[PDB]
Structure formats: structure tokens, C-alpha cells
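Each ligand, and each atom within it, is numbered from 1 in the order the structure gives. Along the sequence shown, the residues carry numbers beginning at 1. Note: hydrogens, waters and symmetry copies are ignored here, and every other heavy atom, side chains too, is used.
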Amino acid sequence: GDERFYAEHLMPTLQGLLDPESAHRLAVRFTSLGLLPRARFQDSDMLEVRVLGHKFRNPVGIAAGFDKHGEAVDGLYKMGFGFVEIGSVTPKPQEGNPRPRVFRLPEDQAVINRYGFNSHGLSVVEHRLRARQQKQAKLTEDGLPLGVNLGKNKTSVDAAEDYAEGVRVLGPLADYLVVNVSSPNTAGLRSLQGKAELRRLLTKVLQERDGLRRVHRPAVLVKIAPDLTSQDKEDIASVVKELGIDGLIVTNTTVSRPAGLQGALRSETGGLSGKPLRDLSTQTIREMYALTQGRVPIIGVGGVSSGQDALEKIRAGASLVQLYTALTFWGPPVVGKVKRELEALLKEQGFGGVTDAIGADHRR
Ligand SMILES: Cc1cc2nc3c(=O)[nH]c(=O)nc-3n(C[C@H](O)[C@H](O)[C@H](O)COP(=O)(O)O)c2cc1C
Ligand SMILES: COC(=O)/C(C#N)=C1\SCC(=O)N1c1ccc(-c2ccc(OC)cc2)cc1F
Ligand SMILES: O=C(O)c1cc(=O)[nH]c(=O)[nH]1
């Protein structure tokens, strides 16, 4: 499946015919049925990473939001992702915001979304993952782990209890869990990144996680915004260390609108993803790595659409990367593209593998 054909004919046509939410629903459907380009790239040993208690056959994952309800996991591995993250999942089903709630900014290679945690809920996702639980166990053992990203319901009183319920229900079924406190589309949610709120929330999450039988006990990561103050970042790093949080996902979408955006839809409310987020996210990785002394694994995400973009985040401190918005524009071939370019650049820059490149900018 040609990189050129998808980039220059297929994705532009689908974009010309369908609004972005319809296009995404069709993509989830096709992916869930395995109707994808092959994909030929075979992962070399230079791309394997060991982190979070697992082997990852390659460091390129699908970011949360694409497969919100765990419907397409196997088709995402078939696409060539080293790991798959589903969600965000909320405790109770909820519809999210009214449509339209997602917008393309093609001149910016960006998207703005305001889905507001549309979710089938924990029970539905639980059963969906349970139907393939041993298939995933084998995938995980073969180097293809599964992450589950947890959110909170719009009308929930007690946010921490929403996250605890998620840990209890889906934790067993996940190699890692993500406490998503950085959606910009749920009122008040990002205030959970504040020191006191985060410590209270994560103490409860970790207690529930530690209460799970050893074989079912996932790593716990916290996904953070790209819009944090210095004080916020220092506070997060402190809490992450005080509690022994397994890792950080850096970053969610931005509420900022960087100067220079050209898309007609630039002033729509929501989080902005894609190329204009890229270096903001990279910078946030760099800072969090330094504040955590390189001892806390980071999954780097925001604006990755090439091997260079991947390597930049790796060298800034990410152990793994994810992408979401690049797919919208370039389609499935972009996965093998990132990986082939990443391997080439690692060789060019004198790294024996991804592992050797993690945090390399900090040792220069
Ligand atoms: C349409 C859309 C929906 C998303 N929904 C979620 C979500 O449910 N949970 C989450 O943690 N992040 C979500 N994200 C954020 C992505 O996981 C990722 O952090 C962000 O888009 C940056 O990566 P990208 O520039 O490669 O898209 C969403 C992103 C987009 C574009
Ligand atoms: C008419 O629609 C199609 O032919 C589509 C679609 N959609 C086809 S034909 C063969 C094929 O790979 N697709 C296809 C295109 C995009 C995507 C896709 C788009 C966005 C994604 O976000 C991460 C992930 C996958 C998935 C697909 F499975
Ligand atoms: O609106 C959502 O559901 C969603 C959007 C997004 O950009 N990030 C997130 O965590 N949730």
C-alpha cells in the first residue's frame, strides 16, 4: 500500500467526500475488518524497546481517541503499530458533544476536536476486551502491548471515583492504564493536573491498581497537556516521583492557537492536534524528562508524521511515540513510513537502536 497513492489520491478523495467524523467512523470500520494496505515493513531489532514491564516490537503506537471503544485493536496491529491505546473510556456510556465536533485544517496539517468523551462506557469495553483477552495476551508476549486510557463522565460528582472504577474494570485487561487528566473538552478536568488534586487522585488510582492480582496489574501513566505552566510541570514531576507513577504521556491536544494557522476553522473551540502542536509537545517532553531525571518513561505524542518527528521526541526523552492526526492526512502507509525513516536516521546518527537514542539530547 503505496505511500504516494494514499497521500495524493485516496485520503484527499475521502476528505473531499466526507465530513471528518464520518470519515473517522468509516476508518474505524475498515480497520476493524482488516481492510488495509499490507503492511510490508518488517520491524528490525533496532526498533525494539523494553519499558513499562514490557517488550515493544517498535516504538510507534496509535494515540488514544482513534479507537475510543476498543473495536479496532487487531486491525491496528495489522497496520504496523508496536502498541495500541484505546479510549478514553468513561464509567457510564455518554454521547459527547453535539455534531459537528471535529474539524480539519488542511492548510495547517491539523485538526481541532471537541468530542467531549463520547464513550460506550466501561461495561461495553470490558466485554469487548474480554472476548479477545487471550489473543491479546499472546500479542503482548510477542511484543505488541495494549494500553487503556481512562476518562471521567460529564456529570460525575467524584472524579477520582470515576478513575478508580476504570482501574477496577479495565485494569486487569490492560498492559498499561492512562489517567487522562488533560482533555480540553470536559469542564474542570484539566484542574486535576494541579498538585493537590493530582496527588489525591493518583494516590487513589495507585491504591486500586496495587489491589489487583499480580498477573493483571498494569502500569499506570498520567497523560498531560501541552499548555501547562512551569509551576504545573514542576508539581507534576514532584508528584510523579513522590508516588512512583510508572510513566507520562506527553501530550494531549492544545487549547492554544499558535500564530500562523491558516485553516478557515482555526477559531473553532476544542483541542488542536497535528503539525502545529509538534514542537510544543516535543518541548514538553524535554522538560518533563529533565524534571524527572530521565527515570520516568515518557510516551511522546503530538504532531508526529515522520521518522524525524519521531526521533526528535525520542531524543528529547520519549521512550515510545504515538500518532493520531497524521493518519487523517496520509492514511495507513504513514505508519511504515515513520518506522522506515526512524530506522534510517538512527543508523545515520550512530545509534545502535531506539534505546540508545532515548534522551540523547540531554547528554550532549
Ligand atoms: C479526534 C481526536 C480525539 C481524541 N480523543 C482522545 C481521547 O479520548 N483521549 C486522549 O487521551 N487523547 C485523545 N486525543 C489526543 C490524541 O491522543 C493525541 O494526544 C493528540 O491528538 C496529539 O497527537 P497527534 O498530533 O498525532 O494527533 C484525541 C485526538 C484527536 C485528534
Ligand atoms: C472508502 O473508504 C476506504 O476505502 C478506506 C477507508 N477509510 C480504506 S481503503 C484501504 C484502507 O486502508 N482504507 C483506510 C483509510 C484510512 C484509514 C485510517 C484513517 C485514519 C486513521 O487514524 C489513525 C487510521 C486509519 C483506515 C483505512 F482502513
Ligand atoms: O474530546 C475528546 O473526547 C478528547 C479530545 C482530545 O483532544 N483529547 C482528549 O483527551 N479527549
Counting each atom of ligand 1 from 1 as listed, which ones have a heavy atom of [X] under 4.0 Å away?
X	value
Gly274	25 (O)
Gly303	24 (P), 25 (O), 26 (O)
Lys223	10 (C), 11 (O), 12 (N), 15 (C), 16 (C), 17 (O), 18 (C), 19 (O)
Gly302	22 (C), 23 (O), 25 (O)
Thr251	19 (O)
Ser88	7 (C), 8 (O), 9 (N), 10 (C), 11 (O)
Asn180	9 (N), 10 (C), 11 (O)
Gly87	8 (O)

| field | Nearest option to atom 4 (C) of ligand 1, as decided by whichever heavy atom of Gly271, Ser119, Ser305, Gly65 sits closest | value |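 Selected option, by shortest heavy-atom distance: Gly65.
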
| field | Among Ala64, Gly271, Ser182, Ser183, closest by any non-hydrogen atom to atom 9 (C) of ligand 3 | value | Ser183

| query | Side chain, backbone, both or neither: which part of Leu323 has a heavy atom under 4.0 Å from ligand 2? | reply | neither

Name the closest protein heavy atom to [atom], giving the residue it belongs to and the distance to 0.1 Å.
atom	result
atom 5 (C) of ligand 2	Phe30 CD2, 3.6 Å
atom 16 (C) of ligand 1	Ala64 O, 3.4 Å
atom 18 (C) of ligand 2	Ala27 CB, 3.6 Å
atom 26 (O) of ligand 1	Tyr324 N, 3.0 Å

| task | Report the part of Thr186 (side chain from C-beta onward, or backbone N, CA, C, O) that has a heavy atom under 4.0 Å from ligand 3; answer both or neither where that applies. | result |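 For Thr186, no heavy atom sits under 4.0 Å from ligand 3.
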
I need the atoms of ligand 2 closer than 4.0 Å to a non-hydrogen atom of [X], numbered in the order shown.
X	result
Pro37	12 (O)
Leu26	1 (C), 2 (O)
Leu14	1 (C), 2 (O), 6 (C), 7 (N)
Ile62	23 (C)

| If we ignore angles and hydrogens, is there a donor and acceptor under 3.5 Å between the side chains of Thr282 and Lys313? | yes

| query | Do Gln283 and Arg286 meet the criterion of a side-chain donor-acceptor pair at a distance under 3.5 Å? | reply | yes

Ligand 1-proximal atoms of [X], by part, heavy-atom distance under 4.0 Å:
X	value
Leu277	side chain
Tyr115	side chain
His24	neither
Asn113	side chain
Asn149	side chain

| query | For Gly331, is the nearest heavy atom under 4.0 Å from an atom of ligand 2? | reply |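 The answer is no, since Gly331 has no heavy atom less than 4.0 Å from ligand 2.
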
| field | Any N/O pair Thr253/ligand 1 closer than 3.5 Å | value |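 Looking only at distances, the answer is no, because the N/O contact criterion of under 3.5 Å is not met.
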
| field | Backbone or side-chain N or O of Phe117 under 3.5 Å from ligand 1 N or O | value | no

| Going by the angle between their ring planes, with limits at 30° and 60°, are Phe5 and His9 parallel, tilted or perpendicular? | tilted

| query | Looking only at distance, does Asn252 have an N or O less than 3.5 Å from an N or O of ligand 3? | reply | yes

| Quick check: does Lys68 get an N/O under 3.5 Å from an N/O on ligand 3? |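 Checking ligand 3 against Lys68, an N or O pair does fall under 3.5 Å apart.
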
| message | Please confirm whether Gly65 approaches ligand 3 to less than 4.0 Å, judged on its heavy atoms. | response | no

| message | Is it the case that the ring center of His24 lies less than 6.0 angstrom away from the ring center of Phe66? | response | yes

| Would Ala326 count as a contact of ligand 1 if the rule is a heavy atom under 4.0 Å away? | no

